[PDB]
Structures are given as C-alpha cells and as structure tokens.
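All remarks here apply to the structure that follows.
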Amino acid sequence: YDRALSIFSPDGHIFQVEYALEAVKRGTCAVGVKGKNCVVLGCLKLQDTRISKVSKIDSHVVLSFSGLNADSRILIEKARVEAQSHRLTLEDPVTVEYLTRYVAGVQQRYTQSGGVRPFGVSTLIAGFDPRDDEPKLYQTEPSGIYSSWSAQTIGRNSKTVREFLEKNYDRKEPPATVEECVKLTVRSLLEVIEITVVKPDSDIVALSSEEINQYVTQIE
Amino acid sequence: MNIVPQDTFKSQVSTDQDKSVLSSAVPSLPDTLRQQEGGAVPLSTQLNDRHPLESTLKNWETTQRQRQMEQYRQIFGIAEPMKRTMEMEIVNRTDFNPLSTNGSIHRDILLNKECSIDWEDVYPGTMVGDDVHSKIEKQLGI
Amino acid sequence: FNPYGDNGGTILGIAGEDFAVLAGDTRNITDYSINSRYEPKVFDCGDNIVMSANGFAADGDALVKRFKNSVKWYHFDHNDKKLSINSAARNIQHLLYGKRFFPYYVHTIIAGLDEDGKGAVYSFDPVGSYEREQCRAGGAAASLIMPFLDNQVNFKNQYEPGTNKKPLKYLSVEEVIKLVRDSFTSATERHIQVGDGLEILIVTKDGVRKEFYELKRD
Amino acid sequence: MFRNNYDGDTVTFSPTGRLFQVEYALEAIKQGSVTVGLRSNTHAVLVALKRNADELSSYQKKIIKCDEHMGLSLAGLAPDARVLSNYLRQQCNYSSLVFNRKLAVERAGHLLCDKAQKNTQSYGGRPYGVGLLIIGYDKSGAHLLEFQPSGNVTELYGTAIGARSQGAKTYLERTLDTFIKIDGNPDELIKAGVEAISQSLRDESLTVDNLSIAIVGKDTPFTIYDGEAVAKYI
Amino acid sequence: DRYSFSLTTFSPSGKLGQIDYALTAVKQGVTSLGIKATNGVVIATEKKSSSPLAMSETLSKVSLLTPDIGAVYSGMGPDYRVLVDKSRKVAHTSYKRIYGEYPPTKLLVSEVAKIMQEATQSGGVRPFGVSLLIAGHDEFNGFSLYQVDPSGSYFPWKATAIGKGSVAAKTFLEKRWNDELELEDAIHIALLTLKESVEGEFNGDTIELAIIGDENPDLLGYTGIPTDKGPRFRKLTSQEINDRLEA
Amino acid sequence: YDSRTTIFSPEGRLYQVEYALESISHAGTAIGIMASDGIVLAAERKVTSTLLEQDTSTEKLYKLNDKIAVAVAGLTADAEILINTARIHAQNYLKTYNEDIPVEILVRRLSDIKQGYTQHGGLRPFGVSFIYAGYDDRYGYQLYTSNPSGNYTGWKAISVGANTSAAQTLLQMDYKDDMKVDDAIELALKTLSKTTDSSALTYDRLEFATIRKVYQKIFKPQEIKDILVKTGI
Amino acid sequence: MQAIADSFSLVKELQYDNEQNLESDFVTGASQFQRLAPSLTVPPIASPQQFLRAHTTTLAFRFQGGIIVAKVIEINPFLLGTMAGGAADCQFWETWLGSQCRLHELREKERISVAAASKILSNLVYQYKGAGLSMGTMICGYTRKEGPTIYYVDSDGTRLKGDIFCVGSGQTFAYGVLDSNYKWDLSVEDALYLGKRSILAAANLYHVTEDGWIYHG
Amino acid sequence: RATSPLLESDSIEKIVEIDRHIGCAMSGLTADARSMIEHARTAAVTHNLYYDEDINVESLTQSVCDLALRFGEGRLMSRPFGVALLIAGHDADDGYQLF
Amino acid sequence: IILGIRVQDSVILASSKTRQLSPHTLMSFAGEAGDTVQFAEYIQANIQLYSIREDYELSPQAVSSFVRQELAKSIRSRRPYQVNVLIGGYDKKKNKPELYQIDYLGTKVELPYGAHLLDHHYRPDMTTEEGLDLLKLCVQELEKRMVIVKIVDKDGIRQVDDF
Amino acid sequence: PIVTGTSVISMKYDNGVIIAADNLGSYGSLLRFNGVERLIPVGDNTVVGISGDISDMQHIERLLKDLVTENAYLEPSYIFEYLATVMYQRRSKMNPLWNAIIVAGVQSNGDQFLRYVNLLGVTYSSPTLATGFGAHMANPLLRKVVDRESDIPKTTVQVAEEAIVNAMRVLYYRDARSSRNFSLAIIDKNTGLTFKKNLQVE
C-alpha cells in the first residue's frame, strides 16, 4: 500500500506522505522562536561563503525550510511570485497566514496526482502582517497541513531541540526582549550558529554572527 | 465537411474563461503578473479588430483534420476516425517534454508530414511562470 | 443581418394589496401587417409568478422558456420549495445580464406576491436593472397606458376641490381590472398597435386566474 | 484462488470468459435493501423498505422522480445511484426542452442501458454497481423497467431488488395473475405491493418511517407517499 | 493517464538499462565503417539480404542527408529510416529555411543526436536501436565524420566501425589509418576492411559505398550558375564497386 | 521503490536520484579552480582513442556565454540539451535587460530545470553534473557545481566525476586562496595527474580552459601540450 | 476509446452539443447559477464592439468620527457604493463585488480593506473596459487599521483616493461650499450639519463607523 | 488535539463558519477539509448571489457531498476525501438541523 | 505633465503620477487613465519581484530596458495606448545618475532632460540646487504658458515641498 | 439568398388545414428553376411549407427527414418546436436560415395546427397564415373566409379549397415571382393528408 499517493493503507494512513515527512526528518535543522516583539529563526573548507537558509518572501514575511533544498527553492520561488501577485492585484501586502496558506496549498497540489512527487520539504514561515505587530510563526508539511506555533523545530534533530523548547519556553511568560529570544534560540541550537531577527514594519536583521550570545550561554 | 474554418469566434467571454492563470487572492480575475503579457493592459476586451486571416490560419490544420475525419466517417464508418483519433491521442499524451519545442517524430508520421514543411515548422516561435514546473502542472493538471 | 425586430404589443403590471394584475394585448405585429390577433403575451410561470417579456417576441419566448426551465431546476434542487418573488427576480436578472453584450431586446415584467402576501410587481431593463414597483406599463403604447392609470389609481396632480392633495385609495381587484379594461380601450382607440384583445392574469393568494376581453379589431 | 489473478479490472477476461469485475458489481446489488415494484395496466406502483444508519438518524431517500410521468427506485451504491438519477433526470429535461415531449419510459431505460454499458468496457472507470427500477405512464400506458448495472434492461410486470428480493419476487411470481388486472382501483395495487414487500422482511416490520411508496397512472401524476401518508397502507 | 512513466531509467549501478540494450542491439547489427581521408570521407556497409530474390537496389542503407552530408547505420533499419526522414526535415526547416544554406555536418549531427536523446527521456517510446556514422563536408570545418550512438552521444572520428565487426574493423583501421591518405587510398582501405569484416559472398552487389568528395556538377542537374555547387555526396555504382574489387 | 523517480522509499529517500548521482561516479574527472585573478577549468577525456579527433572533440568544456563557461561530467546528450537551454536563457536575459546574465541566475535556472525532471514521473533525472565558471560585476569570479538532484553550491575549487574524493582532498591540502591563475593551472594539472587512472596524463587525455582578465579561452591541444611541459608532466 | 467513438457517433443544429450552451439554457443542471464570475454573452462577429454600440449629487469626506456620505448600494454592512452610470451595470457588479467581499472575509477572517475592495472593483471594471459598464462607484468605509478610507472607481478604470469627493451636477457648488467649511477636527453633529448644508447647497445621510455604516435619513 | 504544548490552540480551527446560519466541524485529513470548506463557502455565497436567499443547510450538505462524489463520476481527485464533515445550521424551511 | 532633469549629483523628476521601482530607481508616467497606471503597477510588481529574488537592485539601465520590452509586448496585442514614461535612477555601480524616456511605442532614449526652453539654461555640471532652481524657472514658464517633486540621490529618493 | 422561393399560403378549415406553394425558385429576376417543390410532407399528419432560400429550404428538408428517421427508432407541434429551436439558435449564431416556414398539420387529438416561423424565430398562430407577398395579398382574402376562430367550424373544405385556389390566382396575377404551377396539400383529420401536385392557376 506504500507505492502511490492514491492508496489508503487499511488503517487509513497514506504512507507515501509519511515517507515525505521522513524525507523532511533528514533535512538540516531549522529553529523558530516567537517573542512578544520579534520572531527568531536559526539553524567543506573550500566552500565559497559569499555565494543563509532563511529566505525573505516579502519585506514583512520570511520563510525558512528543511528537507530537500531544490524543492525548497522551487516552493520559495512560487511563494515570492504569489506575494507579488497579491501585492499587485490587491493594494495590501499579503497576510502571513495568507502566505503560509498558499504555500501549504502548493504543497498539497503536488500531492493530488500520482504522477508528481510531493515536495519533500517542511517550511517555517515567520513575519508580521502589514500594519500589525502580533508575531506569527507557522509550519507547513509535505501533506499541505499547516499550524501556528510559539516555537518549533524541524529536521535532523527536531526531536531533542523540541523537547528542550517544550521546557525552556513558557506559554505565559514568553521571552519579552529580542536578546532573550536570540538567547533561547541559540540555547536550543546549542543542544544539537545562524540567527535572523524579524521585527514589525518590515525590519529584518541577520544577526551579524554575534558570538557574544554563544560565549554567554557557554558560561551559563 | 469544411474547407475554410467556419467556427472561429468565441461565443462567450468571462473574466474566468482563462484557467490556470487566475488570481489566487480573488478567483474571478486574471493574474496579470503571472500572465506576463505586459500587465492587465492586454485586457480581454482588446481582442477586437483581429486580422481577418488570423482566425482562419491559426485553426486551418484543425479544420482540415476535422474534414478528413468526417470523410473517413462517411466512407469507412465510425471505426476509422476512432482508430486515427485514438492513435493520435496516445502519441500526444505519451510525449511529454518540457524542454523541447520540436514536434514528435511519430506525430509527423501519423499526420503524414514527414516530407512536408510549413511556416509553422520554419518559424516555430520571462520572469514568471516559464518554469518547467509550470509545464508539469499544466500537463498533470496540478 | 439584423438579429432583432419589433413585434409591437404592450404589457401592464399593477400591484395590489393582496393581488397583482398583469395585462397585455394579444395582437402580434410586423411592420404595418397584423401577424396574429391572439398570441398569449403573458404567461403563468408557476409558483404564483406571472411573467411577460415584451419587445422582440423571439427573445421574449427564449427568456421565458429559460426562466421556466430554471424554475424546474429550482424545484428539483430545493424539493418543490416555492420560489420567492425576490428569488425569481434575481434569477431573471442573472438570465438577462448573462446577455449583457448581446441582450434580449425585451422589457420584461413579473407580478406576484411577496412573503407577506403583499402585491408585488417587478420590471427589468433589457440588461437587468430591476425595481420593486406598484405599477408599470410597457411597450409601444406604454406612454398612453400609464399616465391615465397614474391619474386613476394614484391621484397625482389632483387636489380636494377648492382646497387648493386628495388622498389615495386602496382598490378592489375587480376595480383595478375595470381600470385596466378602460385604459386599454382608450389605447386601442388611439394607438394602432394596441391589439384586438386584452388578456388579464390575476394573481391572488388562491392562485392565478386568466381573464380575456375583446378589443376593437381595427 | 485463480480468480484473484483475473479480477483486477473490467478489461481482463478470465480463461473461462467470466469477466468477474462485472459480476462483483452485480453482487453489489445484493448489499442493497429490498424494494418492490409492480404495475397494473392503468397504474404503476413502487414500494421500498428504507433504512437508517442509526436510531439518531433519518431514513435515506430511496425513491425519486424523473418528471410528472416517470420515477425511479434505487438499490446499491449511493454515489452511482446519484449519478444515474441525475443522468436520467437531465435526459428527461433535455427531451422536454428540445421537443416538448415526455421522454418515453422505454427510451429513458435504453439511455440508461447505454450509459451503463460504457463503464463495463473501458479500463479506467468501474461498473455502476447499482440496480434501478423505473416506472412511468405515457401514451403506451404503465411501464415498469428493471435496470441492472451490467447494462441490462427488462420491462416487467413486477420485480424486487436488494438483499432478500428473492422472497418478494417469488411471491409476485405466484400472484402476477391477480395484480395486473387491478385497473382503476390503485389502492388495491398499493396494498398488494405492501403485501409483496411484507415478505422478505427480517427482524423488521413496515412502519411509516421505514416504508416508502409512490404511484403514477392515467389519472395520477407521479406522487410519493412517505411518513404519515403511508399509514393508510401499512 | 495524464502521465506515462519513463521507460528508460537508471539501474542501481547508475547505468541506463535501455541505453545499454540499444547499444547491444547496435553491437548485433551488421558491420558498417567510415574513414576520413585528407580529401574525402568513405562510408561503407554490407547489403545483407534475407533472400536472393530481394532487390538489392532497394536496400538503401546509405542515404543522403544533404548534398554535402551522408549517413549510414547499424541496427534497426526502420528506426534509421525514420531518423533519416526527420534529419532531412530538420536540415531544411531549422537551417536551410533560416540561413539559406545547408547546415554544417556538426550541427546536423547535433540535431540528430538531440532527436535520438529525447527518445531516452520519453515514457512513451524506447530509444532508437541504431548508431549512425554521419560523414560530411563544411566550407569551414572541412570534411568531418561523426558516430552517433543510441544515447544521442556523438564524437568526431578519424575512422570507425560499428556492428559485429566493429572491434576487429577498428583495429584494422587503427593499424592502417594514416594522416596522408588520399580518397582512393581510403576507398581501398575501406574495401579491404569490409572484405575482412563481411560474411560470405563479397561482391559489388553485397556492398555499397558512398564518398564525400569534390563537387559533381554532372549531378547538379542544371547548368549556368557558376557559383552553384554540385553535390559532394556520391554513391558508387555496383559497376564501379566491382571495378574497385578487380584491383 | 526505485522503479520510478516519483516514489519516496520508506527511508524517505529517492533512490532514482541517488542512482542518477552514482552515474557521475563513472564519468571522467572534471576540476575547477578559482584564483585571485581568474578561474581554471580542466577535465579528463576518459573516452579516448587514437582514431578519435582530439583536435575537434570539444566534449566536456562548453561556453554558455561570454564570461561564463561550463564543464560537463556525465551524459553528453543530456549535457548538450541543458547547455543549449542555458545558452538560450542567457541570450533571453541579455535581450531583456541589455546586461550580461549574472552567473548565479543561470546556475539557478539550470538547477531548477534539472530538479523538475526529478519531480514529474515521465521524466528521469539528467545524468549529468556541471561545474560553472564565470564572471559578473556583482560577485566577480565565481564557481559553482550542480548535481542530478538539481541542488547547487558555490566553490573556490571543486572536482566532479569518478575520483572526486581524492581530487578534493588534494585540493583541500594544496589550495590557497591568494594563488594566481598561473598557479591554479599548475595545481589543477597536478591534481588531475595524481587523480587520473591513466599511466600518464598525456595531453590528448585533457581538456583545459581558463576564465580571467573579460576573456575566456578554450585551449587547443598545442597550447595544452605546452602548458603541460611547462608544468612538467 | 468509446468517448472518442461517441464523438463520431440533430443536436448540432441547435448547438446543444456545446457545453456552455447546455449550461446557459439550463440543460446541464443549474450550473449557470453555480459559477462565480457570471459568463456574459458576446455576439459571434468580427466587431462585437460595433454591434454593442449599435445597441444626482453625492459627497464624502474623512473626519474624526469616520466618513459621512450624502443609490448608495449597501455592498456590505461596512462598505457603501454610490451607484453611478448605468444602473443595471452598477446593481449587477456591486452585487457581485459584495459576494466577492463575503468570500474574502470568510476565507481570511478579517474585514476586507477598503483599498482591497476598491482595487478588486477597479480591476474587474478595467477587465471589461471598453465594453459598456458605465460606472462611477465611489467606495467608502472604515477599517480598524486603515481608518476612514475613500476610493472613486470609474468606467475607465480610474482609481483615486482623497479626503473629499464631490460628484454630480452641482459638484462644483458642493465643493466650493464645503471647502469654505471643511475641517478634519469636526464634531460628529457638526460634520453632519456641514454635510447637510453642502448637500442643500447642491439641491440622505450615511454615517460610517467602526461598527458599520449608519443611515441618518 | 495538540501535538505539543508549543502548538497555539487558538489556531487549530476545527470548527468553521460556512454561512451566517451554517457551521461545520472537521475531522480527518485537514487538507481535504480545507478543500471541502472552501467549496461549501463558494457554493453558499453563489447561492446567495443568484437566489437572494441563504442556502438551505440540506442543499449545502448536498453540494458538499456532490464534491465528495468526484473521486468517481460526478474524475477530479486521485482518492476520496479522508474527512467527514458534521454540518449544523438553521433555515426557515426545516429549522435547526444537523447533518 | 511630467518633467525630469539629470544633474551632476542627482536626477530631478517632476509631474503635475509616479511609482518607486527600487530605493535608487523611480518611475514617472503620463497617459491614458487605467492603462497607464495598470502598466506602471505591473512594472513595479515585476521590478519588486526581481529585487526580492536576487536581493539586489536592478540597475536603472536594466530597469528601463525591462520597461521598454514590457511596453512593446503590451502594444503587440492591442491598439497602442497613449503613454509616456520617465525613469530616473542613480546607478550605484557606475555611481552616476541616469534618466531614460520611453514613448508610447516603446522607443527608449537616454536624455539629459525631457517632458510630456531648458537648452538656454541646462548645464551638465549643475548641482541639485541649481537643478531645483531650473525646475522652478521651468514651472514659472509653464504657468506663463497657461506639482509633486522628487529627487534621486545616493541617499535614495526624496520628497521636496519646495514645489 | 440566391435562389428564392416565392410564397406559401395556408388556412385551417372545419376538419383540417390547407397549404399551398407555387413550386418555383427564382434566380433573382430570372425564373431559373421550375418544379422546385416547396411543400414537404413530414409523415401522414403534417406538411412543412418553406419559402426563401431554396438551398436553406433543402437543408431544413433534410433536417426534417433526419427528424423522421430518428423518430422511427410525430405530432406537428413537435416538428414545429424543433424547427423553431433550430431557427432561433441559427439566428443567435448570427448564421440564420434565410427562410420563412409554416408547419401545418393536425394533432393526434384532432386539433388543427398552424404556426409561422421566420429566420428571426418570430412565431404566431392564426386561422390563416401566408409568407412573403402572400402575407399582404393572400392573407386578406383568406381572412375573409375565416376571420376568427369561431369561423373555423363554419368553413367547409370545399370553400377553403376554392379560397386557396382563388388566392393563388390573385398571387399569380399580382406577384411577379409567382409561377402558374403550384402544389396544394389538404391535411384532414378524417381523410388524412391529400397532396395535390402540379396544380395550375386557371
């Protein structure tokens, strides 16, 4: 019952989608943390550094991913095209929920035929709605399911990093400062650095590879 | 049983007539960015004062094919046009190639165009929606 | 080739309290030649709806046949639910505007009762603007039909004698029928197209009734 | 055993010519609930034992109406019953719109036969797996057609389809001599039908909710009696 | 049904099975060979016939693609015939109709290779079970000889042979080839190689040979345009081939 | 699970794409080296014989544009299909913006093309990996590779094909990023000479190119032989 | 195959082969009443536009309390549209717009931006630009984020925003009398007074609020 | 149901509005539920637009099931939906009813 | 009305509208209502999509080539709508201003100034203060014959209240 | 319209309907083709009379033979409804049949049937119908025999026939496109369909 998207398992599972989630489980780890005022995302010798896994889809909304890199790049390109198409047809920038809904729809669409492979990628979408300051963080899955999270981790070590976040996050005492979110993110990563901070009104900073937080957390 | 293509004008028009290029935000209007036609400015209303030949030259071959199938139905019965069409659809549906513009080598044999050139052969004639994935989605109907 | 013609004849919707009247002449015209003296210009559509698409006869027949079929589908889908007069009007609006660039060259009127049982008349532009109306004339002699009725059912520009407005009155269904009769008699007297006969559909809470009255044959 | 190899599609015959995949769709009727139909010369009657999924649920609508002259009864797959009923009613309508003639019941049945046959021979679809009883009244009088999803149509005086239809059909076979003469007294034909459907019952009895009736005839457009209207006949 | 799965696929070894099996079908085909001279190219092959009642004059294994370009094959003759038809059509449509001149051999070979490759991606067709030796002349590239394989790979060769005799023919060519051959020397070496490769009766009617050489104005069919160029492709008659064999 | 490229295995891995990757392990090694003042490209001509026209077998190094070249490893037919698609893309870009295409945009387009063939079931992956050398005025000299999977990476020096692990180890030991093009040529030749399965790195077994100064040169076998003897091979 | 065969197997003459015709005449169900973006018939000729050709004052301004507007189609309880141009075209396309808005609000679970609604309108009108659709709907509303918002939309597809719009026969008199008094910091009943004075100078009131539009007679 | 305490329960949305008097609760493969709810909403709004009348809840659930048919003959979908819908509403025809 | 002046330091544009195509690139346009603004906003969405995809500003020359190509492609299908476009941008790579005009047929030309007089005034060496004075003079002569003002600069795009 | 048919005239009578046509196709002013029969019986109970373009006439005549051939697997009303639908859909296609058609017959209940249809799809009943020039000259004469539907039971077949022959005589006198030869059909509920070919004005 494993060898098509069309086939339900006798127990109601569609194994071919669970195998795409197993494909996600092999991708390099991506972490996301919402604060009160920001969302924080993070994750050979002869590599040419100048030519980050966190991809801006629009000035106000950002997409990270884990899983197959090429699939992720195709889905990022489609998300960017949709963001600009909305911004053209309607005057308003896309809602972050609208963007993640579109991405999950695209991932679902590539699940609706046995002749096409589903995207073996899960995305972490972070940003702020235009003229809004509630931080929003979402996950999408190969099935085209999507969910809103206070913090999440996907890929190779998502189990342990998530079990860490489940105890170091507090749903009613969330980190209330940018440095506190970056601290919690780096700590979660140090369980296994690159950090991006997104702030309201289209303000996004890749955090300069400041090792200060690393040294501080190693002192702790 | 036509020589010149008769049925050559759209009888009905709608903003949604063009499928696969619709706005995801408002599924009633075109996606002018994905159209890449130079904006909305090619509004569908501008399909006016077409060249008199164009509406016949585009679909000349289709009309010749339809006449040929009609002649085969009249003389040989429903079996022969059915066989021809089934063969042709098998060829069309099994040749998928998103990178090549060229016509299938077997399609030309079935059409009996192995030793024929036309201007469509000589003159076979984008930031969005040109990708291989757009062709995959068109072909599978994703 | 011109895809339209004028078949003449006239229609008249009147909304009562508990009734609505739709009247039309039965003569069919082409140019100065009488095509027939009795075509039924007004139709019972069921659901206590009466309809007439006045104007080009063929487009009227097409529109009323599409409407009746749409009513059939409305019944199939909604288990014989009575189509409401407002829903009927919205249906006919969408039927009309679907022709926006090749319109049915007709002015159409439906008469019925609303969910209150109050007399209802609707009239539609050939491109499907519509209004709830208490009375409406249509067709070539509409300008003859309407002002008299606007002077006899309404009392507009009348005053209480010497008290330089007299109040309007509710009218019994037979009294408005008699006013339609007299109005069409005057219009056939003065307008050459107003037919040889007058057929009146009376919508009531009991159902629809058809009445027919002869008019001058010249 | 070897049936397992040659039963995967409607496109493989077995070494014995069986075409099992159609046989399985004909067995799909046996999973349906019983319905009876019968006619006299002037009237035609359908009777159906409805079912409900649970005591908290309403009974499923088993009988339908093509137009004011003909109607239909379902047994078997609900999706295919929906398809065929929509098809039969879109044909009844197109016939009326284009010709302003009531579609002959026999013609409607032949149209169903044709539609059903296609799925028996192409690879991709599947047979409709649903039996239909058609009744109507036209210029030729009262009609009863049984449709089988193999694409077979027979005009009958009476029949039954569904799980235990064999009982009702055996009863009708004993009594056809009586019901065909019941002309101008449709109440007795309805009661004969309810008697016929009183066989083939199991752990159950006919009730105003579970029983549904319809009738059509020379003086009687297609009418459905269900609920309290059935208590006249129980 | 909107999709058909790819018939050609990689094996766990990384080898595309249908490509290997098409190359095996080529190995099974009768020997053909070609040789660049300094002043021409030879292509030759055996006219194996299923009967002596067959008309050898209809076993056109060597075929003109352009007045300057010719092809031969080993393997599935029907595939070769369809490929020849398509290569001629593309030589006209893609090139002669655009630039007013026949394509260079390199670009017609590239077009044939493109056509053959796409049968390796399609899920509707098998690859072609033929390899082609394409010999031609170009005003700038001069005389050239390419071998196109079922994969749609092609390489330029000084001399090559394909089919059953391919390896022994390639060794005989490698020992006998030199950069100074004249076209008559290349024709002699070709005939000796085929005599060594052929099975059974070796005569001018069991062989055919074509050359790319100087223009043949007696094959042009018209006179009086002095810049206009007779075909350089020329098939040898079986009379001439027999007159070679008497050497 | 491996029968078709559209099926995930239970391990979540696409065996058909891993087999397309493994196909390149049998192509002769290609190598690319980016220097302070240019880029070197070199490749082994593993398919070689004395009857082959080495002088005209340009068969692993293809220029896609001015200021951009590719080195090919794997199926040459697929290679030339992708090369002609990329050439058409580069010329469309020049036609639209009147500027030379950035190298990364071309690499991205080609990698998206290669990816799509892994995602529709009637297509197989291209059994070919390119090394891209080029120059643009955004990133200057830059060097990339891409796999049958359609992922790509930027590299200072890279090797693809059969002995990529050995060549990349020799690069990792010997490469230093302040070397000049004339140094990188010799480092490439050393690497290939130590990597090749041949008894000796004869000039006919090599194809060589450089991008520097902006001009690109594909070496004719004479100057290849001269560069070899200058290096001392 | 059989589908192919049945293509070669009386319905051609009345064109009830054509699926969109079967739908239009309600043969193939009620599907004509099941489509958004209603299909419009065009005459099957080389020059449809030739065949087609051959066939009030209102005010708004933004202020502290919202907008006052002074035939105002209730597109939604939060959006108002001044029917202008062809009444049939206005009634139809504003009803369609109201349905598109309802769908947007359902999917996104927010009140549509007045900018978004006006853009949807202008885009659709543009798409039919050059074929009828005489249209001048001024679009008015209030959104928690946007605040009071005004957009005019035209048959020609113009879309324009401003603090004051004066349209119709006395538009220049209304504009002159308003500019003599207009302020941002008007009190609610003061703005109502200035509005009535400016309409009276040009001889309905609608008050537009975060909790919807209000009619003041 | 929540996979983890970091999941925001305020965004699970297992109950949705289809129309002013009709709601729907999901269970199963949420992607298919999204597709059915978008269809139902489109049907409801279209019925309002064309009939000036809110959809009968029975007619709505009929349309929804007509969608679920389209894994076979009315094909659109590779497989049946993995979702059941529980549609509750009020109408002037039959009042409060649950499907 | 639209007007633009290329100065030694800046590009100055003026109009009686405009879209920002990128932080260092500005577009101003005149022509038929709807057609012109639908075009300008399709162009803006395209340049924004490019800038997002590359994380890099498209140069003013490439922007003006794109607008030329898109305008020609727009005309091919339909009657030419009357439009004229001025694109003023600062080329951060060459470190100099550039001004392009595109006519309703997609004829593109690099201009020192254009509109849709100054030969007696305009000097290539002017400063943006001299350019703003020349703009004031030109508007004064325009009002004799019968604005929003933008500057494009190393520091981006600037509004000027000294209209 | 190149070859055109002159005019059809018809009336109903106590037991049936009479229809007549002048059996001539004119090529403009050239009376090119004689013996062009324009009355087309469609089974025992109806005759379709067609006027205008004779080529379109022969296309509608084969549509009618197709109709009969399919029914063999009719009332006058059904043939009319089909014809009218074809006509109107051709109109809306902007591809009219340049014809005016009268479907005359008797319903199986015995009701007389007369409907006119033209290229526009305009339709009407009357006690008397005529097309083209017959609508101006013949109709006045037939309307003197049956002015109203109460006159039908008063009008014998002999008088209706003599009236039709007189109207054909008047048409021959005053219509330049009329022939002297004409065909007449009587559809009677009792005696069935009588189709008198090649009558002459006398």
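Chains as they are written, first to last, in the authors' numbering: chain D, 4 to 46, 52 to 59, 62 to 202, 210 to 237; chain H, 1 to 125, 132 to 148; chain M, 21 to 184, 187 to 191, 193 to 241; chain F, 1 to 234; chain B, 3 to 249; chain C, 6 to 218, 225 to 244; chain L, 1 to 9, 14 to 59, 76 to 90, 108 to 240, 251 to 264; chain E, 53 to 126, 132 to 156; chain K, 3 to 18, 34 to 133, 143 to 172, 179 to 195; chain Q, 37 to 109, 120 to 248.
For each residue, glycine too, the CB sits at the ideal point set by N, CA and C.
Practice item. Answer with buried or exposed for H/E143, where buried requires no fewer than 16 other C-beta atoms within 10 angstroms of its C-beta. Key: By 1-based counting over the second sequence, the position of residue 143 of chain H is 137. Buried: at least 16 other Cβ atoms inside 10 Å.
**Study point:** Near-chain E residues of the region 151 to 166 of chain D - C-beta to any C-beta below 8 angstroms
**Key:** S153, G154, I155, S157, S158, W159, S160, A161 and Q162
Practice item. Give the interface partners of L/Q2 over in chain F, defined as CB-CB distance under 7 angstroms, in chain order. Key: As a working note, residue 2 of chain L is residue 2 in the seventh sequence. Going along chain F in sequence order, the residues near L/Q2 (Cβ under 7 angstroms) are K118, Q121 and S122.
**Study point:** Distance between C/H94 and L/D29 (C-alpha atoms, nearest Å)
**Key:** Here the question's residue 29 of chain L lines up with position 25 in the seventh sequence. Here the question's residue 94 of chain C lines up with position 89 in the sixth sequence. Their backbone Cα atoms lie some 49 angstroms apart in a straight line.
Check your understanding: Taking Cβ-Cβ distances below 7 angstroms as the criterion, which residues of the region 99 to 129 of chain D are in contact with chain E?
Key -> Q118, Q122, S123 and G124
Exercise for review: Check whether the Cβ atoms of Q/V149 and Q/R161 sit closer than 9 angstroms, and answer yes or no.
Suggested key: The sequence position of residue 149 of chain Q within the tenth sequence is 103, counting from 1. The sequence position of residue 161 of chain Q within the tenth sequence is 115, counting from 1. Yes, they are a contact pair.
Check your understanding: Taking the DSSP output, what are the residues bridged to M/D64?
Key -> Against the third sequence, residue 64 of chain M aligns to sequence position 44. Answer is M/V70, bridged to M/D64.
Practice item. Could you run through the region 135 to 148 of chain H and flag, in chain order, every residue whose CB is less than 7 angstroms away from some CB of chain D? Key: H139, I142, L146 and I148
Exercise for review: Please state whether DSSP places L/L140 in a helix, a strand or coil.
Suggested key: Walking along the seventh sequence from the start, residue 140 of chain L turns up at place 103. In the structure shown, L/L140 sits in a helix (DSSP, three-state: H, G or I).
Point to revise | contact_flag[the region 46 to 55 of chain L, the region 105 to 125 of chain H] where n(CB pairs < 8 angstroms) is 3 or more | key: no
Practice item. Determine whether the Cβ of F/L97 lies closer than 9 angstroms to any Cβ atom of chain M. Key: Walking along the fourth sequence from the start, residue 97 of chain F turns up at place 97. It does: the Cβ of F/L97 has a partner Cβ on chain M nearer than 9 angstroms.
Review point. Less than 9 angstroms separating the beta-carbons of residue 2 of chain D and E/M78?
Key: Residue 2 of chain D cannot be examined here, being either before or after the span of chain D that is shown, 4 to 237.
Practice item. Given a cut-off of 9 angstroms, decide if L/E131 and L/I112 are closer than it, judged by their beta-carbon atoms. Key: Counted from its first residue, the seventh sequence places residue 112 of chain L at position 75. Counted from its first residue, the seventh sequence places residue 131 of chain L at position 94. Their beta carbons are under 9 angstroms apart, which means L/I112 touches L/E131 by this criterion.
Practice item. Can you tell me the Cβ-Cβ gap for C/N156 and D/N40, rounded? I've got them flagged as a contact below 8 angstroms. Key: The residue given as residue 156 of chain C occupies position 151 in the sixth sequence. The residue given as residue 40 of chain D occupies position 37 in the first sequence. Actually they do not touch by this definition, with Cβ atoms about 36 angstroms apart.
**Study point:** Beta-carbon proximity check, D/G77 vs D/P185, cutoff 9 angstroms
**Key:** Translated into positions along the first sequence, residue 77 of chain D becomes position 67. Translated into positions along the first sequence, residue 185 of chain D becomes position 175. For D/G77 and D/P185, no; Cβs fall outside 9 angstroms.
Exercise for review: Let me know if D/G35 comes out buried or exposed under the rule of 16 or more other beta-carbons within 10 Å of its beta-carbon.
Suggested key: If you number the first sequence from 1, residue 35 of chain D lands on position 32. Burial call: buried.
Review point. Closest Cβ-Cβ distance between F/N100 and chain Q: below 9 angstroms?
Key: Locating residue 100 of chain F in the fourth sequence gives position 100, counting from the first residue. F/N100 counts as touching chain Q.
**Study point:** chain L within 9 angstroms of D/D218, Cβ atoms only
**Key:** Locating residue 218 of chain D in the first sequence gives position 201, counting from the first residue. Not closer than 9 angstroms to any Cβ of chain L, the Cβ of D/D218 fails to qualify, so no.
Practice item. Compile a chain-ordered list of the residues in the region 174 to 190 of chain D whose CB is closer than 8 angstroms to at least one CB of chain E. Key: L175, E176, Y179 and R181
Practice item. Please state whether DSSP places C/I86 in a helix, a strand or coil. Key: By 1-based counting over the sixth sequence, the position of residue 86 of chain C is 81. The answer is helix: DSSP assigns C/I86 an H, G or I state.
Check your understanding: Does the Cβ of H/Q68 have 16 or more other Cβ atoms within 10 Å, making it buried, or fewer, making it exposed?
Key -> The residue labelled residue 68 of chain H in the question sits at position 68 within the second sequence. Under this definition H/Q68 is an exposed residue.
Check your understanding: Which value, in whole angstroms, describes the spacing of the CA atoms of H/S20 and L/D21?
Key -> Here residue 20 of chain H refers to the residue found at position 20 of the second sequence. Here residue 21 of chain L refers to the residue found at position 17 of the seventh sequence. Roughly 25 angstroms separates the two Cα atoms.
Exercise for review: Measure from the C-beta of Q/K139 to each C-beta in chain L and report whether the shortest distance is under 9 angstroms.
Suggested key: The residue given as residue 139 of chain Q occupies position 93 in the tenth sequence. So yes, Q/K139 belongs to the interface.
Point to revise | H/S24 versus D/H96 - alpha carbon distance | key: Within the second sequence, residue 24 of chain H is the residue found at index 24, counting from 1. Within the first sequence, residue 96 of chain D is the residue found at index 86, counting from 1. Each residue's Cα considered, the two are about 8 angstroms apart.
Practice item. Please confirm if the region 33 to 46 of chain H is in contact with the region 51 to 65 of chain K, defined as three or more CB-CB distances below 8 angstroms between the two stretches. Key: yes
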